[PDB]
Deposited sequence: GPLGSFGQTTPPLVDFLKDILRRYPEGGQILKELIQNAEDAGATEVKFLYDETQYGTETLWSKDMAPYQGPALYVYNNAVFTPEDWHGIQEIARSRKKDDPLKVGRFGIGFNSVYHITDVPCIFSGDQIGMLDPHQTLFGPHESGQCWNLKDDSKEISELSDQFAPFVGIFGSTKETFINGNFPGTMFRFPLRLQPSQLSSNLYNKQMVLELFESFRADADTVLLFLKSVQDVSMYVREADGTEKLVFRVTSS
């Protein structure tokens, strides 16, 4: 073969990230994604929980088991959502890619499936830009990988029953806060930086729900390592 190849996927994504410079844009894009889905509520939660690193898909999953920004809304993916141009996640707007400012491995849990994105294409093999598990079809693997899946239970109404049932009737995102610099980004978010995003959002309370018809309620929480949980800010219509 003589011919040319495009840059790697991370280079395209880095370029999209140039279009979204300022940090407050990130929560706003998530709200927009909820409104598009017909959700009526959105929650943001900063979680300091450190999860175990014994029963993971592989050893390289270990850096993603720590503190995370979670997002919830009460819409549920259909099969057409789950099957989804080429730079877009699912049927999401291109602005969903602004989450890569915060994380290298976003996770999405809705209905009967969990997916994790890996645009660096390292974690799941060389040509794989993520991985996906069906709560019903892959229930045995999920149970073997208990440390891998524990971060999706015990928040936003997800319980043991959610996994036995194989169906979460809502949408949850987990964004593990980057530990080391990567080839997407070198932002390292800690608690204070996530708190600054929450504060910036609350200060724009006049603006954030103004053009929204479906989403009527946005709440921001903190969960401490010791399991202490606290509502920081709410904005409502």
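- Taken in order along the deposited sequence, the stretches absent from the coordinates are 1-4, 89-99, 253.
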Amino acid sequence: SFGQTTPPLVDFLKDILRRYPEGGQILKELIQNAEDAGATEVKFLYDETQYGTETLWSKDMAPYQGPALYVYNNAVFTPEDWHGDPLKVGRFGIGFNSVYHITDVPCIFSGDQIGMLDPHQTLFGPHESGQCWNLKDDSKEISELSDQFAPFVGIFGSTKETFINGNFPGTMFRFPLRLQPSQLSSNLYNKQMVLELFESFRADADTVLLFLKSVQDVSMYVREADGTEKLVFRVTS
From here on, numbers count along this sequence of modelled residues.
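- Higher average CA B factor: 18-26, of the stretches 18-26 and 216-224.
- Comparing the deposited coordinates for 68-76 and 114-122, the stretch with the larger average C-alpha B-factor is 114-122.
- Highest C-alpha temperature factor among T40, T49, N187, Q32 per the entry: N187.
- Among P86, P106, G157, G166, the highest C-alpha B-factor in the deposited entry belongs to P86.
- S143 sits in the middle third of its chain by CA B factor, as recorded in the PDB entry.
- Ranked against the other modelled residues of its chain, the C-alpha B-factor of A205 as given in the entry falls in the highest third.
- Among all modelled residues in this chain, the alpha-carbon of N97 has a temperature factor (C-alpha) in the middle third.
- Placement of the Cα temperature factor of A62 within the chain: highest third of the modelled residues, per the deposited record.
- In the deposited entry, the Cα temperature factor of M172 sits in the bottom third of values across the chain's modelled residues.
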